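So the structure is just underneath, and the comments pick up after that.
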Amino acid sequence: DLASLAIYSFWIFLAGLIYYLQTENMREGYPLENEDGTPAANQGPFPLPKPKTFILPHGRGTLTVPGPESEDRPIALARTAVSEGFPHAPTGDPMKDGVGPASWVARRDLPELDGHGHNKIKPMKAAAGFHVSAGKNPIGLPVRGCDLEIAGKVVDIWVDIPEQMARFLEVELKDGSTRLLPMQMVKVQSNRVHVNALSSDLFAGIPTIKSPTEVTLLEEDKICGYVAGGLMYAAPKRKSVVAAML
Amino acid sequence: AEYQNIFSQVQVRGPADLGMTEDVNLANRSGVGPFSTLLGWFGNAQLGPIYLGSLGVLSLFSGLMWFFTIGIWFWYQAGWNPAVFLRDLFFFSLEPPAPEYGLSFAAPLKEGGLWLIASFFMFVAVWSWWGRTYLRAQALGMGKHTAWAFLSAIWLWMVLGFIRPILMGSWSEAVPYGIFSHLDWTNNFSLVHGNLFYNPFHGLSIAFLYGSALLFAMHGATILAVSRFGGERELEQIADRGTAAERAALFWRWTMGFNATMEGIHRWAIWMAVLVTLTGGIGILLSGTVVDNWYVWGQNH
Amino acid sequence: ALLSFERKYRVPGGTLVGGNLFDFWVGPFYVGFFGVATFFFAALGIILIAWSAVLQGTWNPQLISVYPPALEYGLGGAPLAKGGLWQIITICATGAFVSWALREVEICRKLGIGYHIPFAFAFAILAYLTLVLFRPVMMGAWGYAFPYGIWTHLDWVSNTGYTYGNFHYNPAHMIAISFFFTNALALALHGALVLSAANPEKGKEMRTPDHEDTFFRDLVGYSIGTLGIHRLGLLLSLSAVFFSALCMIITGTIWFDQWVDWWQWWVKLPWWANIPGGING
Ligand code: BCL
Ligand code: BCL
Ligand code: BCL
Ligand SMILES: CC[C@H]1c2cc3[nH]c4c(c3C)C(=O)[C@H](C(=O)OC)c4c3nc(cc4[nH]c(cc(n2)[C@@H]1C)c(C(C)=O)c4C)[C@@H](C)[C@@H]3CCC(=O)OC/C=C(\C)CCC[C@H](C)CCC[C@H](C)CCCC(C)C
Ligand SMILES: CCCCCCCCCCCC[N+](C)(C)[O-]
Ligand SMILES: CCCCCCCCCCCC[N+](C)(C)[O-]
Ligand SMILES: CCCCCCCCCCCC[N+](C)(C)[O-]
Ligand SMILES: CCCCCCCCCCCC[N+](C)(C)[O-]
Ligand SMILES: [Fe+2]
């Protein structure tokens, strides 16, 4: 019967499509490794896809995936048990060493570029014509950490020019240098910007940028990694919901 | 408390973005429209510019004409009285030629002919817009992924209003233009074909429709969960993987044993959604042409 | 077995219950207290489904069907083979789902990411719970819930629908369908747009966000942006489920008749209500 042939053919197609989709999703992270970097014996039933190459614009090279793993930085974690499957503990300071929820990836140390080859993110000082169009303007507010102590003041908003959005707040610290705080990790209130992830004492340890006017993907990953890592690691200094709504 | 990044805290605005040029004929691009602070709380505030080449002009003309043919019949059915038009708007209906007309265009204007003209206008409008999704990608050197995905949606529409009627020899087999009446037709179609819940392709379509809301709930939530690491900048994350892509992949690997890549999840996405209308279209095309009663077909199986 | 970049994330911490006791992985899967809770609730629920299969006299996937307590029981307990078994499996199901969401929260805590995925899953759990708990309790009987069986829950959908005529006429169901349809449209479109930019015409350089924005600007005169589309996706799918749950929790509790008749409130509005003509005059 025609409808019978059709549904049989469809399940054959669908089995094929799922094989394609899953192999396609193995272009990053595979081969799988044992907890000490050696190739794991069990690689599962799907093979690696043949390589594809992305030609990256403006002299950024090419990306060929699948390929050798790019991570080669030291990972400061001790094994906790001889058997596979258990946590690997921080050997030093997890926030500083860049492991666990404070991890970062060694992304390219150049800024992300817009379609016209210009820096995507720029301080609003330098972004001609950009201005706060709605909402509480945070520039000028004190920034309070989770220990309810002031860590600095917002001296600018760093803007994504093509998407026209606030990506970071530039915060000036007690010694006069600044750090960038991820916008989606701060709370702009009427008289303050509150950062739940970080106590005041941790603001100086935020990774710095090299140029005052641009941020590289590598810097962004270290900043965002560090700040999110504070939800686990700054938890001792985080005052209660009770203490803060007082 | 935490910030969930569902609505922006502060909006920032700058000079209007006119876009990339590539091989777009710039003469055919309009000016920038207004900026909306309302939209800006959720997405981009900028409206415009839009490209309006000959194909865009034809699509808009035929589409407005489609709306006009339906509109004038509704106004007629309302006895040209504004108050009757507003109370019965959802009840009016532009109906196909009756079965006796088969596939001919000899149907009286008030009894099928107006429906035929409306269908012509919608056919030209949809196919013009399809051509346009292809050509706007072409002018920017982009892959034709949108045009192909749009073809799956067009498949269901084509089966319902043109291909299955033609195969069945009659325009009465197509759908009316009316809010409640197209709902009535949908119900009646299941009744007539021995309950569509037994149609294997309607079951699949449903699985992919539920699947689409499962997967966009999952993907949207994952990206906003890692937007704190620039997760929504998916193209650079594909080009040069960051911690947003790693933590996104590892949430799902630790939750359900397997995961995607920043590029790969968009293939799961376009296929999950495309398969809704692809399976749906086959399901309807077989109904009446091959299978008259899906319960009965289900028994011989 | 770890992904090439995974080791640095497999640290201690993030557990909501029992400190480090359940803080480990079995292969790729993370366990945690809520990992063992999901295994218990899932296993017991499945064993009780198998026992209902035994009592029904069948082992066939298509035929196994666990039924709610018939209406006489109201909201009281029932003998195991006559609705009791459904009641216990429902407890197991709610427990396995809530545990899965809470397990996801522990994984979010270890990875330092936002809690958006467990939060979104809670909407599907609440939709299930509308059909199984909230609407039955508000209606006074567990029998108004659905059977746990592949084809029998479809029979339930059909009969329930048709008790109120063509269920298409439920206004909240209409809104729910609109969000499902728009969600699938948006999904197709987003998948297509990121892929058209990452995979341009053969031999060209990889496109950028700017090109995505210009494609959609050229086509429809607007671009919601890369943040906005993910915001929109989560909102369309979640609103679809919210209105689904809404359309059911009102059906049988505050509306009892043919849903097509609801629409007559607009027609009977005094000023146009009696004008001859149209469809309703
Ligand atoms: C929403 C309104 C109705 C309803 C209406 C319909 C309609 C109408 C149809 C279905 C269909 C399906 N329904 Mg239902 N269904 C309901 C509630 C449920 C519940 C539940 C716990 O609430 C479950 C698990 C299911 C499960 C299922 C699937 C077996 C099937 C395909 C759905 C799909 O792909 O989803 C999308 C999700 C994914 C793609 C993720 C993968 C999930 C897999 C497919 C689920 C397998 C479920 C498993 C067999 C259940 C047993 C679990 C344990 C092993 C005991 N339904 C409610 C009561 N359902 C379709 C069908 O063909 O049925 C015969 C169909 O046409
Ligand atoms: C009593 C009624 C029957 C029934 C009868 C039917 C019938 C009849 C059909 C379906 C179809 C479908 N049914 Mg059913 N269905 C029933 C019960 C269910 C239940 C349930 C109980 O929960 C569910 C979840 C579903 C779910 C579904 C979907 C999976 C599927 C529609 C897919 C879609 O995205 O189409 C929406 C997509 C389109 C319509 C494509 C539109 C594309 C065009 C090009 C758009 C042009 C727009 C135009 C120019 C105007 C706007 C322009 C402006 C500028 C904005 N059905 C009951 C049992 N169902 C359809 C199907 O595919 O069959 C399997 C179908 O024909
Ligand atoms: C003949 C019947 C009537 C009708 C009667 C009904 C009835 C009755 C109901 C609906 C409901 C729905 N109908 Mg209807 N409907 C009709 C025609 C249609 C048409 C159409 C094109 O004709 C459409 C598009 C729809 C669309 C819809 C949806 C809006 C809605 C289902 C989604 C939902 O609730 O998700 C909610 C999601 C869930 C319930 C899933 C929960 C999943 C849980 C949390 C997890 C499961 C995990 C699993 C067990 C684990 C598996 C492990 C495996 C190993 C993988 N209906 C016809 C006219 N419709 C349903 C509704 O609104 O529900 C509230 C409903 O009850
Ligand atoms: C809220 C919006 C949408 C959504 C979102 C969503 N679903 C989610 C998530 C999200 C965000 C998850 O994080 C979670 C996930 O991990 O996904 C992979 C999940 C999930 N959505 C799933 C399914 C699902 N979602 C659905 C719908 C939706 N999910 C909406 C469309 C549907 C349907 C029918 O539409 C289904 C089938 C699961 C695959 C997964 C959650 C996994 C989980 O909780 O499983 C633990 C349970 C077990 C291992 C087995 C327990 C078995 C029981 C003891 C017995 C249960 C019997 C049952 C009650 C009846 C079964 C028979 C039916 C035929 C009636
Ligand atoms: C779909 C667009 C509708 C958007 C309306 C939502 C506006 C959110 C307003 C809250 C402003 C943000 N806030 C609190 C930080 O100031
Ligand atoms: C009969 C209707 C034809 C519809 C088939 C649509 C397939 C869309 C496939 C999307 C993935 C393919 N691609 C090239 C665009 O990436
Ligand atoms: C003012 C006019 C509003 C009426 C629009 C009618 C929408 C119902 C469309 C159903 C058409 C189905 N179709 C295309 C396959 O024939
Ligand atoms: C195109 C979407 C298909 C929807 C059905 C979803 C099936 C998910 C299958 C998971 C298979 C991947 N795997 C083997 C590694 O687990
Ligand atoms: Fe995405």
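Identifiers in this document derive from the order of the structure tokens: chains are assigned A, B, ..., residues are numbered from 1 separately in each chain, and ligands are numbered from 1 in order of occurrence.
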So which residues touch residue 60 of chain C within 12 Å, counting only C-alpha atoms, skipping near sequence neighbours fewer than 4 positions away, as a PDB file with N, CA, C and O atoms, in the first residue's frame?
ATOM      1  N   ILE C  49       3.992   0.001  36.425  1.00  0.00           N
ATOM      2  CA  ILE C  49       3.390  -0.070  35.096  1.00  0.00           C
ATOM      3  C   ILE C  49       3.460  -1.526  34.640  1.00  0.00           C
ATOM      4  O   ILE C  49       2.466  -2.054  34.137  1.00  0.00           O
ATOM      5  N   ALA C  50       4.579  -2.220  34.848  1.00  0.00           N
ATOM      6  CA  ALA C  50       4.721  -3.620  34.474  1.00  0.00           C
ATOM      7  C   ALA C  50       3.727  -4.492  35.238  1.00  0.00           C
ATOM      8  O   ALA C  50       3.107  -5.402  34.678  1.00  0.00           O
ATOM      9  N   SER C  52       0.791  -3.395  36.413  1.00  0.00           N
ATOM     10  CA  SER C  52      -0.515  -3.113  35.847  1.00  0.00           C
ATOM     11  C   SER C  52      -0.663  -3.894  34.535  1.00  0.00           C
ATOM     12  O   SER C  52      -1.744  -4.436  34.278  1.00  0.00           O
ATOM     13  N   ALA C  53       0.399  -4.033  33.720  1.00  0.00           N
ATOM     14  CA  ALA C  53       0.390  -4.823  32.486  1.00  0.00           C
ATOM     15  C   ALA C  53       0.048  -6.283  32.777  1.00  0.00           C
ATOM     16  O   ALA C  53      -0.869  -6.850  32.164  1.00  0.00           O
ATOM     17  N   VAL C  54       0.726  -6.866  33.778  1.00  0.00           N
ATOM     18  CA  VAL C  54       0.455  -8.217  34.264  1.00  0.00           C
ATOM     19  C   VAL C  54      -1.026  -8.359  34.618  1.00  0.00           C
ATOM     20  O   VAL C  54      -1.694  -9.233  34.055  1.00  0.00           O
ATOM     21  N   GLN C  56      -3.607  -6.480  33.709  1.00  0.00           N
ATOM     22  CA  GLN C  56      -4.461  -6.248  32.553  1.00  0.00           C
ATOM     23  C   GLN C  56      -4.426  -7.442  31.596  1.00  0.00           C
ATOM     24  O   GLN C  56      -5.289  -7.551  30.710  1.00  0.00           O
ATOM     25  N   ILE C  64      -0.646  -1.791  26.705  1.00  0.00           N
ATOM     26  CA  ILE C  64      -0.576  -1.558  28.145  1.00  0.00           C
ATOM     27  C   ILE C  64      -1.207  -0.204  28.458  1.00  0.00           C
ATOM     28  O   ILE C  64      -0.856   0.793  27.826  1.00  0.00           O
ATOM     29  N   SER C  65      -2.142  -0.159  29.399  1.00  0.00           N
ATOM     30  CA  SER C  65      -2.842   1.065  29.711  1.00  0.00           C
ATOM     31  C   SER C  65      -3.250   1.081  31.177  1.00  0.00           C
ATOM     32  O   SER C  65      -4.039   0.255  31.647  1.00  0.00           O
ATOM     33  N   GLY C 149      -1.163   5.252  28.573  1.00  0.00           N
ATOM     34  CA  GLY C 149      -1.044   4.279  27.509  1.00  0.00           C
ATOM     35  C   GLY C 149      -0.922   5.033  26.205  1.00  0.00           C
ATOM     36  O   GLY C 149      -1.539   6.093  26.027  1.00  0.00           O
ATOM     37  N   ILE C 150      -0.132   4.487  25.286  1.00  0.00           N
ATOM     38  CA  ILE C 150       0.188   5.113  24.013  1.00  0.00           C
ATOM     39  C   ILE C 150      -1.052   5.479  23.208  1.00  0.00           C
ATOM     40  O   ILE C 150      -1.233   6.659  22.887  1.00  0.00           O
ATOM     41  N   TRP C 151      -1.939   4.529  22.918  1.00  0.00           N
ATOM     42  CA  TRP C 151      -3.120   4.843  22.142  1.00  0.00           C
ATOM     43  C   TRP C 151      -4.287   5.263  23.008  1.00  0.00           C
ATOM     44  O   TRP C 151      -5.105   6.090  22.590  1.00  0.00           O
TER      45      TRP C 151
END
Within 6 Å of ligand 4, which residues show up when you count only C-alpha atoms and all ligand atoms? List them as a PyMOL selection string, please. (chain B and resi 210+213-214+217-218) or (chain C and resi 41-42+45-46+92-93+96-97+100+117-118+120-121+123-124+148-150+153+237-238+241)
Store the residues picked out above, limited to C-alpha atoms, as an mmCIF file, in the first residue's frame.
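Here's the written file result01.cif:
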data_model
loop_
_atom_site.group_PDB
_atom_site.id
_atom_site.type_symbol
_atom_site.label_atom_id
_atom_site.label_comp_id
_atom_site.auth_asym_id
_atom_site.auth_seq_id
_atom_site.Cartn_x
_atom_site.Cartn_y
_atom_site.Cartn_z
ATOM 1 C CA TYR B 210 5.925 19.218 20.531
ATOM 2 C CA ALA B 213 8.758 23.615 21.626
ATOM 3 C CA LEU B 214 10.911 21.210 23.686
ATOM 4 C CA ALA B 217 12.707 25.917 25.194
ATOM 5 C CA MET B 218 15.948 23.985 25.715
ATOM 6 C CA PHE C 41 10.980 7.089 41.220
ATOM 7 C CA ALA C 42 11.514 6.053 37.590
ATOM 8 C CA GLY C 45 6.907 3.759 38.489
ATOM 9 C CA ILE C 46 8.040 1.435 35.649
ATOM 10 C CA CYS C 92 6.367 8.331 40.968
ATOM 11 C CA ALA C 93 6.157 10.353 37.739
ATOM 12 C CA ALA C 96 10.929 11.603 38.826
ATOM 13 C CA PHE C 97 10.212 14.864 36.939
ATOM 14 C CA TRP C 100 15.145 15.635 37.110
ATOM 15 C CA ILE C 117 16.623 25.127 31.686
ATOM 16 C CA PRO C 118 15.190 23.630 34.999
ATOM 17 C CA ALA C 120 11.583 26.043 31.618
ATOM 18 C CA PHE C 121 11.153 22.287 32.326
ATOM 19 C CA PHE C 123 6.323 24.550 32.816
ATOM 20 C CA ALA C 124 5.991 21.126 31.165
ATOM 21 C CA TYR C 148 -1.099 6.092 30.803
ATOM 22 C CA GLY C 149 -1.044 4.279 27.509
ATOM 23 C CA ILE C 150 0.188 5.113 24.013
ATOM 24 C CA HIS C 153 -4.272 8.700 26.092
ATOM 25 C CA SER C 237 7.473 27.617 23.725
ATOM 26 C CA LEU C 238 6.754 28.438 27.380
ATOM 27 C CA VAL C 241 2.497 25.330 27.335
#
For ligand 6, return the neighbouring residues as a PyMOL selection string (distance at most 12 Å; only C-alpha atoms and all ligand atoms). (chain A and resi 17+20-21) or (chain B and resi 134+137+142-159+163+263-264+266-282+285) or (chain C and resi 187-201)
Within 10 Å of ligand 5, which residues of chain A come that close, and what is the closest atom pair and distance in Å for each? Count only C-alpha atoms and all ligand atoms and give it as a tab-separated table.
residue	atom	partner	partner_atom_place_in_ligand_line	distance
A:134	CA	ligand 5	11 (C)	8.4
A:135	CA	ligand 5	16 (O)	5.1
A:136	CA	ligand 5	16 (O)	6.2
A:137	CA	ligand 5	16 (O)	9.5
A:187	CA	ligand 5	15 (C)	7.6
A:188	CA	ligand 5	15 (C)	6.5
A:189	CA	ligand 5	15 (C)	7.5
A:190	CA	ligand 5	16 (O)	9.0
Students should find that atom CA of residue 168 of chain A and atom CA of residue 63 of chain A are spaced 28.1 Å
From B:265, B:209, B:284, B:215, residue lying nearest ligand 3 [only C-alpha atoms and all ligand atoms]: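 Selected residue with least distance to ligand 3: B:209.
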Neighbour list for residue 138 of chain C as a PyMOL selection string, cut-off 9 Å, only C-alpha atoms, skip fewer than 2 positions in-chain: chain C and resi 133-136+140-141+249+252-253
Selection above as a file: N, CA and C atoms, as a PDB file, in the first residue's frame:
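In the end it all went to result.pdb:
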ATOM      1  N   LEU C 133      -3.510  16.436  38.106  1.00  0.00           N
ATOM      2  CA  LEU C 133      -3.776  16.812  39.476  1.00  0.00           C
ATOM      3  C   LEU C 133      -4.722  17.993  39.549  1.00  0.00           C
ATOM      4  N   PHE C 134      -4.308  19.179  39.099  1.00  0.00           N
ATOM      5  CA  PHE C 134      -5.105  20.381  39.283  1.00  0.00           C
ATOM      6  C   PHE C 134      -6.498  20.331  38.688  1.00  0.00           C
ATOM      7  N   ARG C 135      -6.682  19.926  37.424  1.00  0.00           N
ATOM      8  CA  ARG C 135      -8.017  19.860  36.849  1.00  0.00           C
ATOM      9  C   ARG C 135      -8.819  18.737  37.528  1.00  0.00           C
ATOM     10  N   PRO C 136      -8.415  17.453  37.706  1.00  0.00           N
ATOM     11  CA  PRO C 136      -9.129  16.467  38.524  1.00  0.00           C
ATOM     12  C   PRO C 136      -9.572  16.928  39.913  1.00  0.00           C
ATOM     13  N   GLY C 140     -13.344  17.458  41.162  1.00  0.00           N
ATOM     14  CA  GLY C 140     -13.875  16.532  42.141  1.00  0.00           C
ATOM     15  C   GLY C 140     -13.591  15.062  41.870  1.00  0.00           C
ATOM     16  N   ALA C 141     -12.873  14.653  40.817  1.00  0.00           N
ATOM     17  CA  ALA C 141     -12.609  13.237  40.607  1.00  0.00           C
ATOM     18  C   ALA C 141     -11.355  12.937  39.808  1.00  0.00           C
ATOM     19  N   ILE C 249      -7.417  23.748  32.352  1.00  0.00           N
ATOM     20  CA  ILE C 249      -7.917  23.993  33.696  1.00  0.00           C
ATOM     21  C   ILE C 249      -9.223  24.808  33.736  1.00  0.00           C
ATOM     22  N   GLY C 252     -14.363  22.373  32.036  1.00  0.00           N
ATOM     23  CA  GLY C 252     -14.967  21.470  32.991  1.00  0.00           C
ATOM     24  C   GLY C 252     -15.129  22.112  34.359  1.00  0.00           C
ATOM     25  N   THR C 253     -14.396  23.178  34.676  1.00  0.00           N
ATOM     26  CA  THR C 253     -14.495  23.825  35.975  1.00  0.00           C
ATOM     27  C   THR C 253     -15.331  25.097  35.910  1.00  0.00           C
TER      28      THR C 253
END
Can you list every residue in segment 158-233 of chain A that DSSP puts in helix (DSSP H, G or I), as a tab-separated table (two decimals) with N, CA, C and O atoms, in the first residue's frame?
chain	number	residue	atom	x	y	z
A	183	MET	N	27.43	42.53	31.80
A	183	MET	CA	26.13	43.15	32.08
A	183	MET	C	25.11	42.20	32.63
A	183	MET	O	24.40	42.47	33.60
A	184	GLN	N	25.08	40.99	32.07
A	184	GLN	CA	24.13	40.00	32.52
A	184	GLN	C	24.45	39.35	33.86
A	184	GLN	O	23.79	38.40	34.28
A	185	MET	N	25.45	39.88	34.56
A	185	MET	CA	25.80	39.44	35.90
A	185	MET	C	25.69	40.60	36.88
A	185	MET	O	26.16	40.47	38.02
A	200	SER	N	33.43	42.41	47.57
A	200	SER	CA	34.23	43.57	47.20
A	200	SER	C	35.70	43.23	47.06
A	200	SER	O	36.37	43.57	46.09
A	201	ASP	N	36.19	42.45	48.03
A	201	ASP	CA	37.56	41.99	48.06
A	201	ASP	C	37.97	41.21	46.82
A	201	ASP	O	39.17	41.13	46.52
A	202	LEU	N	37.03	40.68	46.04
A	202	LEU	CA	37.39	39.95	44.85
A	202	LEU	C	37.42	40.78	43.59
A	202	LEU	O	37.98	40.35	42.58
A	203	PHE	N	36.93	42.02	43.60
A	203	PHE	CA	36.94	42.84	42.39
A	203	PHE	C	38.33	43.13	41.83
A	203	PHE	O	38.51	43.11	40.61
A	204	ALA	N	39.36	43.35	42.66
A	204	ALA	CA	40.71	43.57	42.16
A	204	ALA	C	41.27	42.39	41.39
A	204	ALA	O	42.10	42.56	40.50
A	205	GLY	N	40.83	41.17	41.70
A	205	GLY	CA	41.35	39.99	41.04
A	205	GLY	C	40.70	39.72	39.70
A	205	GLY	O	41.04	38.72	39.07
A	217	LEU	N	38.61	38.40	22.85
A	217	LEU	CA	37.79	37.26	23.22
A	217	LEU	C	38.41	36.48	24.38
A	217	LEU	O	37.69	36.07	25.29
A	218	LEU	N	39.75	36.38	24.38
A	218	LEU	CA	40.51	35.74	25.45
A	218	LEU	C	40.27	36.47	26.77
A	218	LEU	O	40.03	35.86	27.82
A	219	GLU	N	40.32	37.80	26.76
A	219	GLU	CA	40.10	38.56	27.97
A	219	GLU	C	38.66	38.38	28.44
A	219	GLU	O	38.44	38.08	29.62
A	220	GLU	N	37.70	38.47	27.52
A	220	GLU	CA	36.28	38.29	27.81
A	220	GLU	C	36.00	36.96	28.49
A	220	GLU	O	35.30	36.89	29.50
A	221	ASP	N	36.61	35.90	27.98
A	221	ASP	CA	36.41	34.59	28.56
A	221	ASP	C	37.00	34.55	29.95
A	221	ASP	O	36.36	34.01	30.85
A	222	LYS	N	38.16	35.16	30.19
A	222	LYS	CA	38.73	35.14	31.53
A	222	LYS	C	37.92	36.01	32.50
A	222	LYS	O	37.75	35.66	33.67
A	223	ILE	N	37.36	37.12	32.02
A	223	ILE	CA	36.57	37.99	32.87
A	223	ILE	C	35.28	37.26	33.22
A	223	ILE	O	34.96	37.07	34.40
A	224	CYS	N	34.56	36.79	32.22
A	224	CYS	CA	33.28	36.14	32.45
A	224	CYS	C	33.42	34.85	33.26
A	224	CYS	O	32.59	34.57	34.14
A	225	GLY	N	34.52	34.12	33.06
A	225	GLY	CA	34.79	32.90	33.79
A	225	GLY	C	35.00	33.19	35.26
A	225	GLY	O	34.34	32.62	36.13
A	226	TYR	N	35.88	34.14	35.53
A	226	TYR	CA	36.17	34.56	36.88
A	226	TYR	C	34.90	35.00	37.62
A	226	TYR	O	34.63	34.55	38.73
A	227	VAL	N	34.13	35.90	37.01
A	227	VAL	CA	32.95	36.45	37.64
A	227	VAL	C	31.92	35.35	37.92
A	227	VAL	O	31.45	35.27	39.06
A	228	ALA	N	31.60	34.47	36.97
A	228	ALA	CA	30.64	33.40	37.24
A	228	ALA	C	31.15	32.44	38.30
A	228	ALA	O	30.38	32.02	39.16
A	229	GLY	N	32.46	32.14	38.32
A	229	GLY	CA	33.08	31.31	39.33
A	229	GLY	C	32.83	31.78	40.76
A	229	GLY	O	32.88	30.99	41.71
A	230	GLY	N	32.55	33.06	40.93
A	230	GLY	CA	32.26	33.64	42.23
A	230	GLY	C	30.99	33.08	42.86
A	230	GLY	O	30.91	32.98	44.09
A	231	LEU	N	29.99	32.64	42.10
A	231	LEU	CA	28.78	32.06	42.68
A	231	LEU	C	29.11	30.83	43.53
A	231	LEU	O	28.48	30.57	44.56
A	232	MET	N	30.08	30.01	43.15
A	232	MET	CA	30.46	28.89	43.98
A	232	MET	C	31.48	29.33	45.01
A	232	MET	O	31.29	29.17	46.22
A	233	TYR	N	32.55	29.96	44.54
A	233	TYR	CA	33.68	30.25	45.41
A	233	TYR	C	33.58	31.46	46.34
A	233	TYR	O	34.19	31.48	47.41
Which is closer to chain A than all the others in B:128, B:255, B:243, B:81, using only C-alpha atoms? B:243
Show me, as a PyMOL selection string, the residues that have an atom within 12 Å of residue 55 of chain C when counting only C-alpha atoms, minus same-chain residues fewer than 6 positions from it. chain C and resi 48-49+64-66+80-83+85
Name each residue within 6 Å of ligand 3, counting only C-alpha atoms and all ligand atoms, as a PyMOL selection string. chain C and resi 124-125+127-128+157-158+160-161+166-168+173+176-177+241+244-245+247-248
Among the residues B:177, B:42, B:258, B:3, the one that comes closest to ligand 2 [using only C-alpha atoms and all ligand atoms]: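 Once distances to ligand 2 are computed over only C-alpha atoms and all ligand atoms, the minimum belongs to B:177.
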Residue 240 of chain B environment, 8 Å, only C-alpha atoms, sequence neighbours closer than 2 positions dropped, as a VMD selection string: (chain A and resid 63 107 to 108) or (chain B and resid 236 to 238 242)
Those selected residues, please, written with N, CA and C atoms and delivered as a PDB file, in the first residue's frame.
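Contents of result.pdb, freshly written:
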ATOM      1  N   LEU A  63      39.474  27.444  10.331  1.00  0.00           N
ATOM      2  CA  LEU A  63      39.202  26.549  11.433  1.00  0.00           C
ATOM      3  C   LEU A  63      38.831  25.264  10.719  1.00  0.00           C
ATOM      4  N   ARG A 107      40.624  31.508  24.129  1.00  0.00           N
ATOM      5  CA  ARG A 107      40.103  32.015  22.867  1.00  0.00           C
ATOM      6  C   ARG A 107      41.127  32.987  22.289  1.00  0.00           C
ATOM      7  N   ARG A 108      40.985  33.308  21.000  1.00  0.00           N
ATOM      8  CA  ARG A 108      41.873  34.208  20.281  1.00  0.00           C
ATOM      9  C   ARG A 108      42.025  35.539  21.002  1.00  0.00           C
TER      10      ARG A 108
ATOM     11  N   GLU B 236      30.737  33.411  16.405  1.00  0.00           N
ATOM     12  CA  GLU B 236      32.120  33.403  16.862  1.00  0.00           C
ATOM     13  C   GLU B 236      32.426  32.233  17.765  1.00  0.00           C
ATOM     14  N   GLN B 237      31.427  31.716  18.471  1.00  0.00           N
ATOM     15  CA  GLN B 237      31.622  30.530  19.293  1.00  0.00           C
ATOM     16  C   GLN B 237      31.836  29.305  18.399  1.00  0.00           C
ATOM     17  N   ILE B 238      31.237  29.261  17.204  1.00  0.00           N
ATOM     18  CA  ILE B 238      31.453  28.176  16.257  1.00  0.00           C
ATOM     19  C   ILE B 238      32.884  28.338  15.734  1.00  0.00           C
ATOM     20  N   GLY B 242      34.384  29.035  22.972  1.00  0.00           N
ATOM     21  CA  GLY B 242      34.649  29.579  24.292  1.00  0.00           C
ATOM     22  C   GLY B 242      33.989  28.790  25.429  1.00  0.00           C
TER      23      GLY B 242
END
Near chain A, which residues of chain B fall within 6 Å when you count only C-alpha atoms, and what do they look like as an NGL selection string? :B and (10-14 or 228-229 or 242-243 or 260-261 or 264)
So how many Å separate atom CA of residue 169 of chain B and atom CA of residue 103 of chain B, to one decimal?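 Between atom CA of residue 169 of chain B and atom CA of residue 103 of chain B the gap works out to 5.9 Å.
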Hey, list the chain C side of the contact with chain A: 8 Å cut-off, only C-alpha atoms, answer as a VMD selection string. chain C and resid 1 to 5 7 to 14 23 to 27 109 to 113 198 to 199 203 to 211 225
Excluding residue 139 of chain A and residues on its chain fewer than 5 positions from it, collect all residues at most 6 Å away from it, counting only C-alpha atoms, and give them as an MDAnalysis selection string. chainID A and resid 154:156
